Every structure is written in structure tokens, then in C-alpha cells.
>>> print(open('target23.txt').read())   # compact mmCIF, C-alpha atoms and all ligand atoms
# COMPACT_ATOMS: atom_id res chain seq x y z
CA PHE A 47 -16.83 33.92 -4.94
CA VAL A 48 -14.79 33.19 -8.15
CA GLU A 49 -11.59 33.24 -6.07
CA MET A 50 -13.13 30.30 -4.14
CA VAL A 51 -14.10 28.13 -7.12
CA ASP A 52 -12.01 24.89 -7.36
CA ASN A 53 -10.44 25.38 -3.96
CA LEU A 54 -10.95 21.68 -3.14
CA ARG A 55 -8.81 18.72 -4.23
CA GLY A 56 -8.95 15.01 -3.37
CA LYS A 57 -7.54 11.49 -4.41
CA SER A 58 -10.84 9.66 -5.12
CA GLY A 59 -12.78 8.65 -2.11
CA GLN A 60 -9.67 9.71 -0.15
CA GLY A 61 -11.50 12.89 0.97
CA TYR A 62 -11.85 16.42 -0.21
CA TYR A 63 -9.39 18.96 1.25
CA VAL A 64 -8.87 22.69 1.27
CA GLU A 65 -5.56 24.54 1.89
CA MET A 66 -5.41 26.45 5.14
CA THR A 67 -2.60 28.09 7.19
CA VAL A 68 -2.21 27.79 11.01
CA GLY A 69 0.12 29.78 13.26
CA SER A 70 2.26 32.90 12.90
CA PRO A 71 4.21 32.78 10.70
CA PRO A 72 1.61 30.79 8.61
CA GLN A 73 2.17 27.08 8.27
CA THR A 74 0.40 25.58 5.17
CA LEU A 75 -1.60 22.34 5.70
CA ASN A 76 -4.22 20.57 3.55
CA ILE A 77 -7.35 20.05 5.63
CA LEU A 78 -10.17 17.50 4.95
CA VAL A 79 -13.59 19.22 4.81
CA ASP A 80 -15.93 17.34 7.16
CA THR A 81 -19.60 18.25 7.63
CA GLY A 82 -19.89 15.11 9.77
CA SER A 83 -17.98 16.45 12.81
CA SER A 84 -17.14 19.61 14.67
CA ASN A 85 -13.45 19.55 15.71
CA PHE A 86 -10.67 21.30 13.83
CA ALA A 87 -7.63 19.11 14.25
CA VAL A 88 -4.18 18.85 12.57
CA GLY A 89 -1.27 16.43 12.61
CA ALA A 90 1.18 17.96 15.12
CA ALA A 91 3.89 15.28 15.40
CA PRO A 92 5.64 13.05 12.89
CA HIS A 93 3.66 10.18 11.35
CA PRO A 94 4.71 7.84 8.53
CA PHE A 95 1.82 9.07 6.37
CA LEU A 96 2.16 12.82 7.08
CA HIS A 97 4.23 14.90 4.64
CA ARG A 98 4.08 17.82 7.06
CA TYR A 99 2.64 18.73 10.48
CA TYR A 100 1.80 21.73 12.70
CA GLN A 101 4.86 22.87 14.77
CA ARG A 102 3.39 24.75 17.67
CA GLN A 103 6.87 25.89 18.91
CA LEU A 104 7.36 27.90 15.71
CA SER A 105 4.11 29.91 16.16
CA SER A 106 4.20 33.01 18.38
CA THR A 107 0.34 33.21 18.32
CA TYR A 108 -0.17 29.71 19.64
CA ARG A 109 -1.88 29.56 23.15
CA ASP A 110 -2.04 26.17 24.92
CA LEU A 111 -5.48 25.38 26.56
CA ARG A 112 -4.08 22.76 29.00
CA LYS A 113 -6.76 20.22 28.05
CA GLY A 114 -6.39 17.02 26.07
CA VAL A 115 -8.94 15.64 23.69
CA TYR A 116 -9.84 12.29 22.17
CA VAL A 117 -11.99 11.82 19.05
CA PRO A 118 -13.14 8.41 17.80
CA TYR A 119 -15.10 8.58 14.44
CA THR A 120 -16.96 5.58 12.94
CA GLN A 121 -13.57 4.62 11.63
CA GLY A 122 -10.32 6.18 12.75
CA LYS A 123 -9.36 7.72 16.06
CA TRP A 124 -6.96 10.50 17.19
CA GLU A 125 -5.99 12.27 20.41
CA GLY A 126 -4.12 15.43 21.16
CA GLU A 127 -3.86 18.71 22.96
CA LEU A 128 -6.21 21.70 22.61
CA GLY A 129 -5.10 25.29 22.03
CA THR A 130 -5.87 28.25 19.80
CA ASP A 131 -4.01 29.99 17.01
CA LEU A 132 -4.54 32.14 13.93
CA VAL A 133 -6.02 30.30 10.97
CA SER A 134 -6.68 31.42 7.42
CA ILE A 135 -7.94 29.93 4.11
CA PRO A 136 -5.79 31.28 1.24
CA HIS A 137 -8.48 30.43 -1.36
CA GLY A 138 -11.41 31.24 0.90
CA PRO A 139 -12.55 34.48 2.34
CA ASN A 140 -9.88 37.06 2.90
CA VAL A 141 -9.60 36.93 6.67
CA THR A 142 -7.61 35.42 9.45
CA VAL A 143 -9.42 34.38 12.60
CA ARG A 144 -8.39 32.89 15.91
CA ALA A 145 -9.84 29.34 16.38
CA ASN A 146 -9.51 26.22 18.57
CA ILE A 147 -7.16 23.65 17.13
CA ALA A 148 -6.60 20.13 18.41
CA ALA A 149 -2.91 19.34 17.87
CA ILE A 150 -3.01 15.56 17.07
CA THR A 151 -0.14 13.73 18.78
CA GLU A 152 -1.33 10.10 18.41
CA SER A 153 -3.76 8.48 15.96
CA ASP A 154 -5.03 5.16 14.65
CA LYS A 155 -6.21 4.34 11.15
CA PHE A 156 -6.97 8.05 10.61
CA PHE A 157 -4.27 9.37 8.29
CA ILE A 158 -3.99 7.64 4.89
CA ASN A 159 -0.77 6.62 3.01
CA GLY A 160 -0.53 9.20 0.12
CA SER A 161 -3.76 11.06 0.86
CA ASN A 162 -2.32 14.62 0.79
CA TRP A 163 -4.21 15.97 3.78
CA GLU A 164 -2.78 16.53 7.22
CA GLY A 165 -5.85 17.60 9.32
CA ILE A 166 -9.63 17.80 9.48
CA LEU A 167 -12.11 20.76 9.49
CA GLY A 168 -15.28 19.63 11.49
CA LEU A 169 -17.94 22.03 10.07
CA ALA A 170 -20.87 20.71 12.12
CA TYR A 171 -22.24 22.27 15.36
CA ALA A 172 -20.78 22.64 18.92
CA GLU A 173 -23.25 20.10 20.30
CA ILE A 174 -21.05 17.27 19.00
CA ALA A 175 -17.60 18.94 19.50
CA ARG A 176 -15.17 17.03 21.77
CA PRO A 177 -14.47 17.10 24.66
CA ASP A 178 -17.78 18.95 24.98
CA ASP A 179 -19.98 21.69 23.53
CA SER A 180 -18.04 24.58 25.04
CA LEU A 181 -15.25 24.11 22.40
CA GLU A 182 -16.40 26.53 19.72
CA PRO A 183 -16.07 25.01 16.21
CA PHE A 184 -14.14 26.77 13.44
CA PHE A 185 -17.10 28.00 11.38
CA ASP A 186 -18.71 29.56 14.60
CA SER A 187 -15.46 31.52 15.26
CA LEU A 188 -15.25 32.54 11.60
CA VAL A 189 -18.74 34.05 11.57
CA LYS A 190 -18.42 35.67 14.98
CA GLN A 191 -15.06 37.20 14.10
CA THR A 192 -15.77 38.53 10.57
CA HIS A 193 -18.64 39.71 8.41
CA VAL A 194 -19.01 36.31 6.63
CA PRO A 195 -22.70 35.30 6.23
CA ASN A 196 -23.62 32.16 8.21
CA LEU A 197 -23.74 29.78 5.22
CA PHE A 198 -21.29 27.67 3.17
CA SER A 199 -21.83 25.43 0.14
CA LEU A 200 -20.00 22.41 -1.16
CA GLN A 201 -19.66 21.15 -4.75
CA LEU A 202 -17.77 17.90 -4.50
CA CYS A 203 -16.73 16.71 -7.94
CA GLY A 204 -14.33 13.83 -8.26
CA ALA A 205 -14.68 10.94 -10.81
CA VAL A 218 -10.68 14.79 -7.96
CA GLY A 219 -11.78 18.44 -7.19
CA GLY A 220 -14.63 20.72 -6.15
CA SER A 221 -15.41 24.05 -4.43
CA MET A 222 -16.35 25.16 -0.93
CA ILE A 223 -17.86 28.60 -1.13
CA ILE A 224 -17.78 30.29 2.31
CA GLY A 225 -20.50 32.89 2.89
CA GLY A 226 -22.75 32.39 -0.11
CA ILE A 227 -24.12 30.42 -3.03
CA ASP A 228 -22.40 30.42 -6.44
CA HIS A 229 -24.95 30.08 -9.29
CA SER A 230 -22.28 29.04 -11.78
CA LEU A 231 -21.87 25.85 -9.74
CA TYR A 232 -25.35 24.37 -10.34
CA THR A 233 -28.31 24.23 -12.75
CA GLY A 234 -32.11 24.15 -12.19
CA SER A 235 -33.70 24.73 -8.79
CA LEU A 236 -32.32 24.59 -5.30
CA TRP A 237 -34.59 22.40 -3.05
CA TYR A 238 -34.36 22.83 0.78
CA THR A 239 -34.81 20.34 3.53
CA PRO A 240 -34.85 21.57 7.17
CA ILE A 241 -31.97 20.88 9.57
CA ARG A 242 -33.87 18.96 12.20
CA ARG A 243 -31.55 19.79 15.11
CA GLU A 244 -28.21 21.63 15.16
CA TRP A 245 -25.66 18.95 16.16
CA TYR A 246 -24.78 16.89 13.09
CA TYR A 247 -26.41 18.37 9.94
CA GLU A 248 -29.47 16.14 10.72
CA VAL A 249 -32.19 15.81 8.06
CA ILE A 250 -35.29 13.65 7.52
CA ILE A 251 -35.69 11.02 4.73
CA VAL A 252 -39.41 10.42 3.99
CA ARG A 253 -39.33 7.78 1.23
CA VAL A 254 -36.72 5.62 -0.56
CA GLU A 255 -37.32 4.21 -4.14
CA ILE A 256 -35.08 1.87 -6.10
CA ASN A 257 -35.84 2.01 -9.82
CA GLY A 258 -39.01 3.84 -9.02
CA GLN A 259 -40.24 1.19 -6.55
CA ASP A 260 -40.95 2.26 -2.98
CA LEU A 261 -39.16 0.24 -0.28
CA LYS A 262 -42.50 0.35 1.61
CA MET A 263 -41.28 0.66 5.16
CA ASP A 264 -42.45 3.01 7.93
CA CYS A 265 -40.50 6.21 7.10
CA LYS A 266 -39.17 6.47 10.69
CA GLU A 267 -37.01 3.46 9.74
CA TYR A 268 -35.03 5.56 7.24
CA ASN A 269 -34.04 7.86 10.10
CA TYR A 270 -33.30 5.29 12.73
CA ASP A 271 -31.84 6.88 14.85
CA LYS A 272 -30.90 10.06 12.89
CA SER A 273 -29.97 10.88 9.27
CA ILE A 274 -26.98 13.07 8.63
CA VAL A 275 -25.24 14.88 5.73
CA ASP A 276 -21.57 13.94 6.00
CA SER A 277 -18.84 14.99 3.51
CA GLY A 278 -16.32 13.08 5.73
CA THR A 279 -17.78 9.61 5.06
CA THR A 280 -17.52 8.08 1.56
CA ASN A 281 -20.55 5.89 1.44
CA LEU A 282 -24.32 6.07 1.63
CA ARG A 283 -24.76 4.29 4.90
CA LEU A 284 -28.27 2.91 5.83
CA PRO A 285 -29.77 1.47 9.07
CA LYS A 286 -29.62 -2.36 8.85
CA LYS A 287 -33.31 -2.85 8.01
CA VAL A 288 -33.16 -0.26 5.18
CA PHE A 289 -29.78 -1.51 3.94
CA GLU A 290 -31.07 -5.14 3.65
CA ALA A 291 -34.22 -3.96 1.80
CA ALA A 292 -32.12 -1.71 -0.51
CA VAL A 293 -29.71 -4.56 -1.43
CA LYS A 294 -32.62 -6.94 -2.10
CA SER A 295 -34.09 -4.47 -4.53
CA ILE A 296 -30.75 -3.64 -6.28
CA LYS A 297 -29.96 -7.29 -6.70
CA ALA A 298 -33.46 -7.97 -8.21
CA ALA A 299 -33.05 -4.99 -10.59
CA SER A 300 -29.54 -6.12 -11.62
CA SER A 301 -30.25 -9.92 -11.65
CA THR A 302 -28.98 -10.49 -15.26
CA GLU A 303 -25.58 -10.57 -13.59
CA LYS A 304 -24.84 -12.27 -10.31
CA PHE A 305 -22.13 -10.86 -7.96
CA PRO A 306 -20.52 -12.52 -4.90
CA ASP A 307 -21.85 -11.80 -1.38
CA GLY A 308 -18.46 -10.03 -0.60
CA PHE A 309 -19.39 -7.44 -3.28
CA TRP A 310 -22.63 -6.58 -1.56
CA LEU A 311 -20.79 -6.22 1.79
CA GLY A 312 -18.04 -3.91 0.35
CA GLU A 313 -15.33 -6.55 0.89
CA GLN A 314 -14.60 -7.34 -2.82
CA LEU A 315 -14.54 -5.34 -6.07
CA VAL A 316 -16.37 -6.12 -9.26
CA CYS A 317 -14.47 -5.63 -12.50
CA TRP A 318 -15.31 -5.37 -16.12
CA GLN A 319 -13.19 -5.11 -19.23
CA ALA A 320 -12.17 -1.39 -19.38
CA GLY A 321 -14.99 0.79 -20.81
CA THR A 322 -17.61 -1.98 -20.74
CA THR A 323 -19.30 -1.39 -17.34
CA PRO A 324 -23.05 -2.38 -17.72
CA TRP A 325 -24.44 0.69 -15.98
CA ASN A 326 -27.90 0.07 -17.44
CA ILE A 327 -28.45 -3.12 -15.45
CA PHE A 328 -28.17 -1.15 -12.17
CA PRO A 329 -31.11 0.82 -10.83
CA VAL A 330 -31.42 4.51 -9.96
CA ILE A 331 -31.92 5.26 -6.25
CA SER A 332 -34.11 8.07 -5.04
CA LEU A 333 -34.02 9.54 -1.59
CA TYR A 334 -36.99 11.88 -0.87
CA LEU A 335 -36.14 14.49 1.78
CA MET A 336 -38.64 16.29 3.91
CA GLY A 337 -39.53 19.65 2.32
CA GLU A 338 -40.02 23.04 4.00
CA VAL A 339 -43.81 22.64 4.00
CA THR A 340 -45.95 19.98 5.71
CA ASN A 341 -46.04 16.63 3.91
CA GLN A 342 -44.21 17.98 0.81
CA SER A 343 -40.89 16.46 -0.19
CA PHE A 344 -38.34 16.50 -3.06
CA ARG A 345 -36.18 13.69 -4.27
CA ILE A 346 -32.52 13.42 -5.10
CA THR A 347 -31.74 10.65 -7.55
CA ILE A 348 -28.41 8.90 -7.80
CA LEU A 349 -27.07 6.73 -10.61
CA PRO A 350 -24.92 3.61 -10.30
CA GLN A 351 -21.94 5.86 -11.43
CA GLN A 352 -22.30 7.38 -7.90
CA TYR A 353 -22.94 4.29 -5.79
CA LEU A 354 -20.43 2.00 -7.62
CA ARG A 355 -17.21 3.78 -6.80
CA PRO A 356 -14.17 3.18 -9.04
CA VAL A 357 -11.11 1.83 -7.27
CA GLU A 358 -7.98 3.18 -9.03
CA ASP A 359 -5.16 0.60 -9.11
CA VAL A 360 -2.63 0.39 -11.89
CA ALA A 361 -2.44 -3.36 -11.23
CA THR A 362 -6.16 -4.02 -12.24
CA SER A 363 -6.11 -1.33 -14.88
CA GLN A 364 -6.93 -3.66 -17.84
CA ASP A 365 -10.36 -3.43 -16.13
CA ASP A 366 -12.63 -0.90 -14.50
CA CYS A 367 -13.17 -2.08 -10.90
CA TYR A 368 -15.72 -0.93 -8.41
CA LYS A 369 -16.64 -1.08 -4.80
CA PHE A 370 -20.33 -1.04 -3.75
CA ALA A 371 -20.49 2.14 -1.73
CA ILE A 372 -23.79 1.58 0.08
CA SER A 373 -23.21 -0.09 3.51
CA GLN A 374 -24.89 -0.86 6.78
CA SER A 375 -24.86 1.40 9.84
CA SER A 376 -25.92 0.96 13.44
CA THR A 377 -25.89 4.75 14.11
CA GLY A 378 -28.42 5.98 11.52
CA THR A 379 -28.29 7.05 7.91
CA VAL A 380 -25.10 8.80 6.62
CA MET A 381 -25.50 10.61 3.38
CA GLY A 382 -21.78 10.50 2.51
CA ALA A 383 -19.87 11.70 -0.53
CA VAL A 384 -21.79 9.06 -2.73
CA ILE A 385 -24.85 11.26 -2.26
CA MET A 386 -23.08 14.62 -2.30
CA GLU A 387 -20.94 14.23 -5.45
CA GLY A 388 -22.57 15.93 -8.45
CA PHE A 389 -24.97 17.91 -6.24
CA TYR A 390 -24.40 21.49 -5.13
CA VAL A 391 -25.18 21.27 -1.37
CA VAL A 392 -25.90 24.46 0.54
CA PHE A 393 -25.48 24.35 4.33
CA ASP A 394 -27.69 27.28 5.11
CA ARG A 395 -27.01 27.62 8.85
CA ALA A 396 -28.74 30.97 9.01
CA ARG A 397 -32.08 29.56 7.85
CA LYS A 398 -31.54 26.12 9.47
CA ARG A 399 -31.86 24.30 6.11
CA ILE A 400 -29.80 22.42 3.53
CA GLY A 401 -30.30 23.03 -0.16
CA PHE A 402 -29.59 20.53 -2.93
CA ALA A 403 -29.35 21.24 -6.65
CA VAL A 404 -27.76 19.44 -9.63
CA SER A 405 -24.14 20.45 -9.91
CA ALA A 406 -22.22 21.58 -13.00
CA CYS A 407 -20.18 18.45 -12.28
CA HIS A 408 -22.88 15.71 -12.59
CA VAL A 409 -21.77 12.36 -13.96
CA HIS A 410 -24.78 11.37 -16.16
CA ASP A 411 -24.48 9.09 -19.21
CA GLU A 412 -26.52 9.17 -22.50
CA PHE A 413 -29.56 7.52 -20.89
CA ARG A 414 -30.10 8.84 -17.35
CA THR A 415 -29.22 11.93 -15.39
CA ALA A 416 -29.00 12.56 -11.57
CA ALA A 417 -31.76 14.88 -10.52
CA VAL A 418 -33.12 17.08 -7.75
CA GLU A 419 -36.81 17.50 -8.22
CA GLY A 420 -40.24 17.98 -6.67
CA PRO A 421 -42.63 18.68 -5.21
CA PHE A 422 -44.09 15.38 -4.04
CA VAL A 423 -47.00 15.08 -1.65
CA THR A 424 -47.99 12.33 0.80
CA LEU A 425 -51.40 12.16 2.51
CA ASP A 426 -50.23 9.88 5.31
CA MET A 427 -49.57 12.32 8.16
CA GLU A 428 -46.92 10.30 9.99
CA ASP A 429 -43.86 12.31 11.04
CA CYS A 430 -40.73 10.53 9.83
CA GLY A 431 -38.41 11.73 12.63
CA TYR A 432 -37.29 9.02 14.98
CA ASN A 433 -38.21 10.91 18.19
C1 LIG B 1 -19.09 13.64 16.29
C2 LIG B 1 -17.95 12.77 15.83
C3 LIG B 1 -17.01 12.43 16.97
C4 LIG B 1 -18.45 11.55 15.15
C5 LIG B 1 -18.33 10.26 15.69
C6 LIG B 1 -18.78 9.17 14.95
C7 LIG B 1 -19.36 9.32 13.69
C8 LIG B 1 -19.44 10.62 13.16
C9 LIG B 1 -20.02 10.84 11.78
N1 LIG B 1 -19.07 11.46 10.86
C10 LIG B 1 -17.87 10.72 10.54
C11 LIG B 1 -16.77 11.61 9.96
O1 LIG B 1 -16.59 12.73 10.85
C12 LIG B 1 -15.44 10.83 9.83
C13 LIG B 1 -14.31 11.75 9.29
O2 LIG B 1 -13.19 10.97 8.75
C14 LIG B 1 -12.46 11.61 7.66
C15 LIG B 1 -11.67 10.62 6.79
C16 LIG B 1 -11.82 10.40 5.50
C17 LIG B 1 -10.90 9.36 4.88
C18 LIG B 1 -11.74 8.37 4.04
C19 LIG B 1 -10.89 7.34 3.39
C20 LIG B 1 -10.21 6.35 4.11
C21 LIG B 1 -9.47 5.43 3.40
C22 LIG B 1 -9.39 5.49 1.99
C23 LIG B 1 -10.05 6.48 1.27
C24 LIG B 1 -10.80 7.40 1.99
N2 LIG B 1 -12.72 7.84 4.99
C25 LIG B 1 -13.93 7.46 4.68
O3 LIG B 1 -14.40 7.53 3.53
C26 LIG B 1 -14.86 7.06 5.78
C27 LIG B 1 -14.88 7.84 6.92
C28 LIG B 1 -15.78 7.57 7.94
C29 LIG B 1 -16.66 6.51 7.83
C30 LIG B 1 -16.64 5.74 6.66
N3 LIG B 1 -17.62 4.68 6.59
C31 LIG B 1 -17.61 3.80 7.77
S1 LIG B 1 -17.91 3.94 5.14
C32 LIG B 1 -16.75 2.70 4.88
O4 LIG B 1 -17.96 4.89 4.10
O5 LIG B 1 -19.14 3.30 5.32
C33 LIG B 1 -15.73 6.02 5.64
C34 LIG B 1 -15.78 8.44 9.16
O6 LIG B 1 -15.96 7.99 10.28
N4 LIG B 1 -15.59 9.72 8.87
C35 LIG B 1 -18.99 11.70 13.89
>>> encode(input="target23.txt", output="C-alpha cells")
Amino acid sequence: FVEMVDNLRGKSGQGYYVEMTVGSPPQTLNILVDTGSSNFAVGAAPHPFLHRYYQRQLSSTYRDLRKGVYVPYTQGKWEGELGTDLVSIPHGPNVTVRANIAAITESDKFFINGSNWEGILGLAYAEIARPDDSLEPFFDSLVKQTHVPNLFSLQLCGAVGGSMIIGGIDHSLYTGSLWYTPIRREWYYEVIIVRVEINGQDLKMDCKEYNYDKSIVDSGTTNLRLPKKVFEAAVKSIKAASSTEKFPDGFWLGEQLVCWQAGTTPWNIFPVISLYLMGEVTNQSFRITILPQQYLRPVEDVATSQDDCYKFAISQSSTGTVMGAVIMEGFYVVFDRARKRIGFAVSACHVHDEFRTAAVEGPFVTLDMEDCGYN
């Protein structure tokens, strides 16, 4: 797995990407790793923000599937033409497999000026593939075509880099225990949140609320996104904990940055946030704790660089909870498809400071026998 270590790069909340090749002869593209969707898609026509794109006419292994496809995410949108071709991951397992590829020919607010990636690897299940669930996702083809075990793990670092280990778990990438929460249903990587605390204080809502109307693990979304009711309760609590300083409403909404004299950020006025995930046994849970160094994301800009400036990276959602890269960075996350479970452990690349450390820990029990799944 050592060959696979540090095979991810990124630009800081611009997304983590892995090098892949498509076509014969191999065309090199950087591909965003997305556990929040299930299409493999690449830029296939010129675009002002693409340094390079897939040229189907140059690949003798390309087969056209005579079917278009359109994919709108929460933000960003592309459309294109389906086909298959040979795909490999130079710093992944040593194999080449044939896979579906959407060749993107038009898009909106999807590619980013200077991002370095030219396509997207949807690693979730066929149930949410477009145009429908008969379009086998990349990781399904990989496992069917090779002897790779049905598991991958992500260590997203930033603050960027990281590792996606295909087929296994690399112990050098984490410390302490791995804790597992069940995948509720194979579509998104859907999980169940049973309790939320902000500086050790329970939000005290019915736990179904935390999962209204699903909770997902999504490396393709930057923020921790929360159902409105949870988001409003979370912000109330963070504000109360951090009340020695008062920030504008635009800060709370992600529309404005807050800035401090370089090196003087008052991390200790901001609370730790704990998400307790359903465990593998009845009414047991574990918690993952995040520090303000994860949920206050630095915005790099030479122009404001006398300061450190941050965006609040918790935001509201009308489509359920999204545990985005805010939650994943500094955890080693194991997508154990074979055992229908997702493991979390503290990563070798945790942020911590001299006072507080992100954690994955348990077990915790609750007598209340309510199931937290929203039907
Ligand atoms: C089943 C499919 C069709 C579907 C449909 C609807 C929702 C989903 C759930 N998964 C979404 C994921 O798949 C795509 C993937 O997008 C990858 C792009 C990353 C670029 C990055 C970025 C943009 C601009 C500057 C820096 C980074 N975007 C976000 O962080 C980025 C990306 C996305 C959402 C956000 N949020 C809205 S946010 C502002 O963090 O709250 C942020 C997003 O939609 N990501 C899935």
C-alpha cells in the first residue's frame, strides 16, 4: 500500500484529486475523488478552466454508448455523452480496467479556475448513478474486473495532500482505534447520527432530526452541512460559546470571512463539536470530535495575507446532513463496502493545537430506544 501513500493532492477546499489515465494510448487527467456521487466523468471538450481534456478520437479502446447524461450536484452541473474505455490509476493498484466514462461536453459552475482537476470519480453506489442504476460505477467495475478487495480508505490532509488506499487499510495512516458505523443503505454512503454536542452540551433534539432526510459521508462537498433545524441550533450554541467576540450575520451564513492579525486566531473561544454515530451494536455509539481548526476554513488570498481569514464551513441543507471534507480531514475514513460499514480513526495528519485534539472515541450508551433513522 506504500506505493499508494500520498497519491492525493488538492488546492485547499478546492477538492482532493488522484491521477488517472483514460484511453489507449493513456491520457493523464487529475480526477476529484467523490464519495458523494457515483458517475465517473471527465472534461472532454475545451473549457477556459481546463488545462487538458479527454480526446476520445485519439483512443482506439473508446466505445460510444449512444446515450447522453446530465448530472446536477448541489452546486455545479454538467452534461455529456456516455461510453467506455480503459482506465488506470498510476499510483493506485497495478491494473487497468474497462469502465463507463461520461465525456463532459458542457458544464456550469463545475470546473474551477486553477483547481488542477479535470474530472470526477463518483465512488458511491449504482443506485444514485445517472442516468440510472444500470450504469455501473467505477469502483464496481474495478472489483469485478480484478482481485482488489471491496474496500477503499481516504486520509484527506490539507491545511494540500492525502492518500486513497484502494483495497485495504494502511495502519501507518492512523493512530488508536478504528470505530465503525453501519452503511444504512447502499446509495450514497448513508450513515446515522445519534447525538450532536457543542462544547459537551447536547443539542437536545429528537435524533431523527439529525438525519432528516438522510446523512451522508461526502468527500466531494467541503462543508459540514446540517438540516435547517439542526443548523440553527448548532449556530446558536457556537455563538453562545464564542460570545466574547461578536461576528456579523454574513459570517454565520458563509457569505463573509473573519480575519485576525496573522498568527493570532483565538481558537480557544470556539467550541469543539461532537457528532456521535450509530455503532455496530444496538444503542451503542462513538463520537468524532472536530476542532474550530476544521470548521473555520482558511481562505488563502495573498491580498488579505497580513491576516489569517476564515470562512465558517458549517451550512444549512434542505437535503439532509452532508459530512463533507470539514469532518473527514484529519480522520482516516474506511469505506468498508464488503462489510457495509464505514470506519473512522484519528489520522496521522490531525490538526490539533497545544490544548485540544480531534478524537474518535467510545463506546457511549443510550437507554432511549428510539431509532434515529428518518424512515
Ligand atoms: C447523486 C448526485 C447526482 C448528487 C446530487 C446532489 C447532491 C449530491 C451529494 N454530493 C455532492 C457532490 O457529489 C458534489 C461534487 O462536486 C465536486 C466539486 C468540488 C469543488 C469544490 C470547490 C468549489 C469552489 C471552490 C473550492 C472548492 N466544491 C465544494 O466544496 C462543494 C461541492 C458541493 C457542495 C458544496 N456545498 C453546497 S457547501 C458550500 O460545502 O455547503 C460544496 C457538491 O455538490 N459536490 C449528489
>>> residues_near_ligand(input="target23.txt", ligand="ligand LIG 1 (chain B)", cutoff="9 Å", atoms="only C-alpha atoms and all ligand atoms", output="JSON, numbers by chain")
{"A": [57, 58, 59, 60, 61, 62, 78, 79, 80, 81, 82, 83, 84, 85, 116, 117, 118, 119, 120, 121, 122, 123, 155, 156, 157, 158, 159, 161, 166, 168, 170, 173, 174, 175, 176, 245, 246, 274, 275, 276, 277, 278, 279, 280, 281, 282, 283, 312, 371, 372, 373, 374, 375, 377, 380, 382, 383, 384]}
>>> atom_distance(input="target23.txt", atom1="CA of residue 368 in chain A", atom2="CA of residue 325 in chain A")
11.7 Å
>>> atom_distance(input="target23.txt", atom1="CA of residue 136 in chain A", atom2="CA of residue 72 in chain A")
10.5 Å
>>> closest_residue(input="target23.txt", among="A:420, A:285, A:177, A:89", to="residue 77 in chain A", atoms="all atoms listed in the file")
A:89
>>> axis_aligned_box(input="target23.txt", around="range 192-195 of chain A", padding_each_side="8 Å", output="AutoDock Vina command-line options")
--center_x -19.2 --center_y 37.5 --center_z 8.4 --size_x 22.9 --size_y 20.4 --size_z 20.3
>>> atom_distance(input="target23.txt", atom1="CA of residue 51 in chain A", atom2="CA of residue 223 in chain A")
7.1 Å
>>> closest_residue(input="target23.txt", among="A:342, A:305, A:330, A:181", to="residue 254 in chain A", atoms="all atoms listed in the file")
A:330
>>> residues_near_point(input="target23.txt", point="(-37.4, 18.9, 3.4)", cutoff="6 Å", atoms="all atoms listed in the file", output="NGL selection string")
:A and (238-240 or 335-338 or 343)
>>> closest_residue(input="target23.txt", among="A:315, A:320, A:197, A:349", to="residue 410 in chain A", atoms="all atoms listed in the file")
A:349
>>> closest_residue(input="target23.txt", among="A:300, A:307, A:421, A:268", to="residue 286 in chain A", atoms="only C-alpha atoms")
A:268
>>> closest_residue(input="target23.txt", among="A:378, A:350, A:126, A:195", to="residue 397 in chain A", atoms="only C-alpha atoms")
A:195
>>> closest_residue(input="target23.txt", among="A:49, A:145, A:341, A:364", to="residue 427 in chain A", atoms="all atoms listed in the file")
A:341
